[PDB]
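Visitor: Give me coordinates for this.
(4 chains, ligands or ions: 8)
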Amino acid sequence: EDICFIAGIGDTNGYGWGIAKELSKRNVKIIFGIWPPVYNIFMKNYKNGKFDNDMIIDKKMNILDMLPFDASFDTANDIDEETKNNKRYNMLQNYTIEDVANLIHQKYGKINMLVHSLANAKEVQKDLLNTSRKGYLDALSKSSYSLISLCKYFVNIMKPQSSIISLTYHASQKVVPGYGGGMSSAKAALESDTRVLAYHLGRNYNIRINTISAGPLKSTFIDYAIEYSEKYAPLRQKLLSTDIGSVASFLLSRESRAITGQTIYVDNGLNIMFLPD
Amino acid sequence: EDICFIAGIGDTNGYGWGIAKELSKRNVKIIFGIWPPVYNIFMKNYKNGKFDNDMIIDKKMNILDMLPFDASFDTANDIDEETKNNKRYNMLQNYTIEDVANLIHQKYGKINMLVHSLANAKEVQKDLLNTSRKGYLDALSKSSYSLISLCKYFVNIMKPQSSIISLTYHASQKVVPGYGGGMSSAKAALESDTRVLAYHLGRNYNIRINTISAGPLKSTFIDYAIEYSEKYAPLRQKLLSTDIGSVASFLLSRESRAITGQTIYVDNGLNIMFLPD
Amino acid sequence: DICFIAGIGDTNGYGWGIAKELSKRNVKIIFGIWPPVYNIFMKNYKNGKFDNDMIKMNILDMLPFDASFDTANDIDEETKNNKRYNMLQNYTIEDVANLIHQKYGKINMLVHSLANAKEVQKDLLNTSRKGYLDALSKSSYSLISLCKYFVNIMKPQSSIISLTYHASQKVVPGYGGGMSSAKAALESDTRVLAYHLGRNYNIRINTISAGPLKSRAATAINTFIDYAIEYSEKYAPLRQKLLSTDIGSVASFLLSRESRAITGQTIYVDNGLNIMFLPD
Amino acid sequence: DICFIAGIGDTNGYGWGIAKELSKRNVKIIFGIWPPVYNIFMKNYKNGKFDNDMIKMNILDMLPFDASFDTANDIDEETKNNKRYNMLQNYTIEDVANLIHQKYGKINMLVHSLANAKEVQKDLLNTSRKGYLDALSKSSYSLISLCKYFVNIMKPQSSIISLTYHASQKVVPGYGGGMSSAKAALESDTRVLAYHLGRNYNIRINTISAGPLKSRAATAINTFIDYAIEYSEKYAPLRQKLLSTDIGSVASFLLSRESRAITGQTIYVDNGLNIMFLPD
Ligand SMILES: NC(=O)c1ccc[n+]([C@@H]2O[C@H](COP(=O)([O-])OP(=O)(O)OC[C@H]3O[C@@H](n4cnc5c(N)ncnc54)[C@H](O)[C@@H]3O)[C@@H](O)[C@H]2O)c1
Ligand SMILES: NC(=O)c1ccc[n+]([C@@H]2O[C@H](COP(=O)([O-])OP(=O)(O)OC[C@H]3O[C@@H](n4cnc5c(N)ncnc54)[C@H](O)[C@@H]3O)[C@@H](O)[C@H]2O)c1
Ligand SMILES: NC(=O)c1ccc[n+]([C@@H]2O[C@H](COP(=O)([O-])OP(=O)(O)OC[C@H]3O[C@@H](n4cnc5c(N)ncnc54)[C@H](O)[C@@H]3O)[C@@H](O)[C@H]2O)c1
Ligand SMILES: NC(=O)c1ccc[n+]([C@@H]2O[C@H](COP(=O)([O-])OP(=O)(O)OC[C@H]3O[C@@H](n4cnc5c(N)ncnc54)[C@H](O)[C@@H]3O)[C@@H](O)[C@H]2O)c1
Ligand SMILES: Oc1cc(Cc2ccccn2)ccc1Oc1ccc(Cl)cc1Cl
Ligand SMILES: Oc1cc(Cc2ccccn2)ccc1Oc1ccc(Cl)cc1Cl
Ligand SMILES: Oc1cc(Cc2ccccn2)ccc1Oc1ccc(Cl)cc1Cl
Ligand SMILES: Oc1cc(Cc2ccccn2)ccc1Oc1ccc(Cl)cc1Cl
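Guide: Numbers count the residues shown, from 1 in each chain, chains lettered A, B, ... in the order given. Ligands and ions are numbered 1, 2, ... in the order given. Below you will find the coordinate block:
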């Protein structure tokens, strides 16, 4: 009985979903953490059967639960009155990082797989030089610190030899004009933090953590990235969300017990190239 | 007539000073940017001649000016009332990043060298896993975004083929337990941002930017780092603030016109080692 | 699913651990064995020495294999006539490719699990040209050539792995003879190969940077491995003992279709030691 | 201040640009010249061809030098008797070391500015063992051996540099013959050497990863350099044209005492091209 919490899904079109699908093959029970502002929409679509085709594995994806989850709030203490008043949030509760860990632990006990699959930058459209302090720190808060806080709070509800992964992108290491707003900065911090966290979690809890540097998925510039990737990557096949999924599944399993602190590239090998051929 | 603004000095015991000294050999005019809370102390010591020995180059260090400078505020607009009221700040003015660029430009015209030499993390003593969101973002704000904002505002007051450097540390790339509070995260972001900035500044202004990854200088754990470095680094000599200074001088000169976006290690080669010998 | 494992000489190394793990997924294993140790390995197999170690493997075949030789024409007269090669046939790279293809058809998995350097005991500065080139020939070029001849007997979408060590990237004094150089070249060649193999053949290639394991080869170095192992178990983020099957299950994953979007990569399987700068 | 420059054959490469820049700081330059091009280089010197290019250099000496040979005993009979070596003496590595020491005493600067690969035109997968080993011997081992023999005729706190190319780290199709492999090994060897040289000799060693320059060697590759240059001038963060003196002033800095705390490093002098992932 393995249970994985996936923080950061909004539809079946991203990595979170591809990871849920592949894990389901291993009979892993899935819990979704969903950004409150799209939680109700997601529940509706799910109810209206919009995801039924997406859920087929002759095996059904076993979704144990779907919970509102906001990566920018650590505890009930951090909720500002403007979101308290806020339309969407008003009718939802217990969606802070610590609140969700308590809920899950209470309802289902300890888990052993954790997926951080979320990024947000309010100024992702502006290049770095034109990003505001507010926009930059928002990017870091939502995309980088959220990983640390996730680990801080979920470690108490995880079994020993548990495993954790996040998703990153090569803009951290090499220049991708157009990946702005401090998203590149956020990814660089996330990959560094993955190492620092791997040391602490490894020594203190025997828990592993790694990150997957993924190629482009259509989930503007994304159309460029995907086209360029499919033209110039070593491997011609289309990169599927389940290509990341099967890698994630392996990193979350005990088959990878000796791998931690790593950035693992799942991008058809595009990262290895220097000049177009 | 070359002029360099050095943001982030508080005494003659750090890299900023070593960089000022070496630049002075090249007859570069120096302007110091000093954290307001220690500005007056610094001025006093300077007046009381405490730095006279430190200033000798048979050449005097030519300090063109010394200005209060706070890396956490971008413009006059960002000054919160608590600092406005604040003792130290109350008797100082025009210390925001944009304010200082305007002052310098007004008093002295355009400059062609910029040094970012500052780091601060309010929770540097806590390890990453135990760092608060507030502490983490403060680290990023002061140590990383400050570089971007410095470039944003000083580029308008710099000549073409100007040059910029900052200071970083290898904890960004490899684990150094004890370098906490998100300082490691901040350095990783700074090294990544150095590349992104190098592209923008290079293409749009023909300005270069690089960062120096420095070994330990006594400016607790620092005593460990220095001892370990002196035991295990390829080069036995003591690492001097002027070892960083002479490298900085070269990176800021036109002798390095074809180098940009780089992290340059000035650490007696310690970075190259895996296991102690 | 058939895998050729090039470079196994006993049950104490990574090759055996890889064999073991691939067997679990019902992969057919073919051993390529260096002729100097070929006979003794055979003898121990039939005399059931490895029986405790195979806990049961599916060993399709065991062939003489020397990665120094690309084709039969490359075998020098002395080696040809040597006591231990006497006496043996079809052990070059081209020859084992052909032989394997005749017996079994096309395969889909390849493991390069070998390395050799005559002067490993010398530090780099003191290595001769001859010793250095030997290291690169046996440890690095052998991979390139293995690929060249096996790509024709491999299907799409097959997978190739090799084994490397972090001394290529960071200084490990005592890892001498140009072995550091050979691992650096091999990690670079893995990228270049991943490009050509991916484009032209839809074949994948990656390399595993393993942590210390007390193997035959590891002892060839003048207690270095004992210190290595002991240091890793003390300072690695993960303090479990590193097993050859830890690498093996990672090898199995890389060779399987589950890793179809990974290529050209150096993957560290070393309890995380590589991420550390300063000892604790 | 005396610098030996190993690997100059005309005024169109990095060696010349390095010579030029070192002259500016009043450094005494000794050229080591490959015997195949030794005579013509001499002839052009006295016939004032390079006069426009030396705008005045301080050329202390010009010696025959072949980095394929470690000692006189390494010279094969054919080479020994060849039309172009006929006729020449003391051109091995040990021999030039000794010769330079006798004429001038100890030096404090060394530049490895050479590379060679018989099969550069072939892609890696199609390179023979012989071609690959040639690339590593001439381009990589030559540095190690240069160090071995020159450390005895160098003072503390002397400095050594070599030249490399980013194809070691990222795939550049067309950079064949094992040249990519040779650059990867050389960048690794630079670290290992920096350790031994720093500890035992207080001598520094670094390598410069240069951008494209239309040199003799660069054209040996089957328009590749023209595309390289054109691509760099279009996509590099800095759009100025990359000059051999751009590398030269960086070489001068690395060789001088101003860089006393830098060692084991790969320093990119390439208008920043290396930092880019996606074309504009
Ligand atoms: N798609 C790509 O080409 C690509 C490439 C590399 C990395 N990634 C990474 O993959 C991860 C998943 O993104 P994706 O591409 O699958 O798109 P996605 O929309 O499937 O995933 C991002 C999800 O994060 C959620 N989210 C946003 N703000 C949040 C908050 N404050 N709290 C909680 N959740 C929030 C959103 O609902 C969104 O669904 C991201 O971390 C992204 O950086 C994506
Ligand atoms: N000393 C080392 O061992 C070492 C190693 C690697 C990198 N570095 C880097 O070198 C740089 C200089 O630090 P140092 O070691 O010379 O110590 P330092 O005290 O000389 O430099 C840091 C200075 O930044 C100033 N500062 C702090 N908060 C500020 C703010 N909000 N606005 C403006 N200025 C502020 C302080 O007055 C302080 O003097 C830092 O960026 C540090 O990260 C130091
Ligand atoms: N043991 C470690 O700590 C360690 C760490 C990192 C990487 N590696 C790598 O793992 C691989 C396997 O080494 P190991 O540690 O398992 O030792 P091992 O002795 O078990 O494996 C090496 C095998 O290669 C064979 N071999 C040597 N030269 C050959 C040739 N010319 N032709 C064919 N076969 C030849 C030998 O017979 C030997 O059995 C090597 O590439 C090694 O560099 C080992
Ligand atoms: N040109 C470029 O675009 C470029 C880019 C990056 C790195 N580099 C490197 O710079 C260095 C110099 O190359 P270059 O581009 O200036 O070409 P070049 O032809 O000017 O320099 C190479 C020189 O090395 C000499 N040489 C070759 N084999 C030799 C041997 N066995 N003994 C002694 N001398 C020998 C040749 O006579 C030749 O003059 C090389 O290491 C090269 O890899 C060049
Ligand atoms: O983080 C992401 C990275 C890439 C890679 C990419 C896509 C297109 C062009 C260049 N790079 C694509 C999508 C990504 O998703 C996001 C982007 C911005 C934000 Cl604010 C949030 C997400 Cl989830
Ligand atoms: O940023 C710094 C890095 C090192 C390197 C080091 C020193 C000691 C032990 C380990 N690493 C030493 C001092 C540093 O200065 C700072 C550290 C924390 C802060 Cl909050 C600010 C500064 Cl300027
Ligand atoms: O690549 C290898 C790495 C280690 C780990 C190690 C060895 C020595 C010191 C520290 N760690 C052990 C053996 C390795 O492979 C070899 C190296 C040289 C030779 Cl000659 C043979 C082999 Cl199989
Ligand atoms: O290391 C080198 C790099 C470049 C730049 C380049 C060459 C080809 C394609 C793209 N860029 C040109 C020449 C280089 O050196 C050599 C490579 C092979 C040989 Cl045989 C000789 C030399 Cl000097």
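Visitor: and the residue most central in space within chain A, how far is that from residue A:195?
Guide: The centre of chain A sits closest to residue A:117, judged by CA atoms, centre = their mean, with a distance of 0.6 Å. Counting by CB to CB, to the nearest Å, the separation of residue A:117 from residue A:195 is 19 Å. C-beta here means a position set from N, CA and C on the backbone, and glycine is covered the same way.
Visitor: could you measure residue A:26 against ligand 2, distance?
Guide: 44 Å (CB to the nearest ligand atom, to the nearest Å).
Visitor: is it true that that residue touches residue A:253?
Guide: Yes. At 7.0 Å, residue A:26 counts as touching residue A:253 under the criterion of CB atoms under 8 Å.
Visitor: Which of those two has more residues huddled nearby?
Guide: residue A:253 (18 against 13; other CB atoms under 10 Å in any protein chain shown).
Visitor: For the more buried one, list the residues it contacts.
Guide: A:26, A:163 (CB atoms under 8 Å, 6 or more residues apart in numbering or on different chains).
Visitor: hang on, residue A:264 is in a strand, isn't it?
Guide: Yes. Assignment of residue A:264 by DSSP: H, G, I helix; E, B strand; the rest coil places it within a strand.
Visitor: which residues sit in contact with it?
Guide: A:210-213, A:247, A:251, C:262, C:265, C:267.
Visitor: Kindly report the same for residue A:170.
Guide: So residue A:170 contacts A:176, A:213, A:265, A:267, A:270-271, D:277 (CB under 8 Å, 6+ apart).
Visitor: how about 10 Å then?
Guide: A:176, A:179, A:184, A:187, A:191, A:213-215, A:263, A:265, A:267, A:270-271, D:277-278 (CB atoms under 10 Å, 6 or more residues apart in numbering or on different chains).
Visitor: So which of those residues belong to helices?
Guide: A:184, A:187, A:191 (DSSP state H).
Visitor: Of those, grab the buried ones for ChimeraX.
Guide: Burial among those is assessed by 16 or more other CB atoms under 10 Å in any protein chain shown; the matching ChimeraX selection reads:
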select /A:184,187,191
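Visitor: quick one on the thing from earlier: shared neighbours of residue A:26 and residue A:253, anything?
Guide: Joint contacts of residue A:26 and residue A:253 (CB under 10 Å, 6+ apart) are A:2, A:113.
Visitor: Quick check: closest non-adjacent residue to residue A:22.
Guide: residue A:245 (3.2 Å; CB to CB, 6 or more residues apart in numbering or on different chains).
Visitor: Please disregard the earlier target; I meant residue A:8.
Guide: residue A:118 (2.9 Å).
Visitor: my guess is that neighbour contacts residue A:38, does it?
Guide: No. Contact between residue A:118 and residue A:38 fails when scored by CB atoms under 10 Å: they sit 11.9 Å apart.
Visitor: which of those two has more neighbours?
Guide: residue A:118 (25 against 15).
Visitor: quick one, what contacts residue A:249?
Guide: Here residue A:249 is in contact with A:4, A:18-19, A:21-26, A:28, A:113, A:165, A:242, A:255-256, C:253, C:258 (CB under 10 Å, 6+ apart).
Visitor: which strands and helices sit next to the lengthiest strand in chain A?
Guide: Counting by DSSP state E, the longest strand found in chain A is strand A:158-168. Applying 3 or more CB pairs under 10 Å, 6 or more residues apart in numbering or on different chains; DSSP states H and E, one finds that strand A:158-168 makes contact with strand A:3-9, helix A:15-25, strand A:111-116, helix A:146-154, helix A:183-205, strand A:208-214, helix A:241-252, strand A:263-266.
Visitor: hmm, that strand touching ligand 1?
Guide: Yes. Contact between strand A:158-168 and ligand 1, assessed by CB under 6 Å from any ligand atom, occurs at A:167-168.
Visitor: can you pull the buried residues of that strand?
Guide: Buried-residue list, strand A:158-168, by 16+ other CB under 10 Å: A:158, A:162-168.
Visitor: and what of stretch A:89-105?
Guide: For stretch A:89-105, by 16+ other CB under 10 Å, it's A:89, A:92, A:95-105.
Visitor: which ones among the residues you listed are found in strands?
Guide: Using DSSP E, none of the buried residues of stretch A:89-105 sit in strands.
Visitor: Would you mind measuring from the nearest residue to residue A:123 once chain neighbours are set aside to ligand 1?
Guide: Excluding the flanking residues, the one nearest residue A:123 by CB to CB, 6+ apart is residue A:135, at 3.3 Å. Counting by CB to the nearest ligand atom, the gap from residue A:135 to ligand 1 is 14 Å.
Visitor: Point me to the residue of chain A nearest ligand 3.
Guide: residue A:258 (12.1 Å; CB to the nearest ligand atom).
Visitor: Compute the number of surrounding residues for that residue.
Guide: 26.
Visitor: is it true that it touches residue A:251?
Guide: No. Counting by CB under 10 Å, residue A:258 sits too far from residue A:251 to count as a contact (11.6 Å).
Visitor: Which neighbours do those two have in common?
Guide: Contacts common to residue A:258 and residue A:251, judged by CB under 10 Å, 6+ apart, are residue A:208.
Visitor: what number of residues lie near the residue lying closest to residue A:143 once chain neighbours are set aside?
Guide: The shortest distance from residue A:143 to any residue other than its chain neighbours is 3.8 Å, reached at residue A:186 (CB to CB, 6+ apart). Residues within reach of residue A:186, counting by other CB under 10 Å, total 34.
Visitor: Show the backbone phi and psi for the residue nearest to residue A:277 when sequence neighbours are not counted.
Guide: Once flanking residues are discounted, residue A:277 sits nearest to residue D:173: 4.8 Å by CB to CB, 6+ apart. The phi/psi pair for residue D:173 (degrees, to the nearest 10) reads phi -60, psi 140.
Visitor: Now the terminal residues of stretch A:152-164, how far apart.
Guide: Stretch A:152-164 stretches 12 Å from its first residue to its last (CA to CA, to the nearest Å).
Visitor: Distance from the chain centre to that stretch, please.
Guide: 16 Å (CA atoms, centre = their mean, to the nearest Å).
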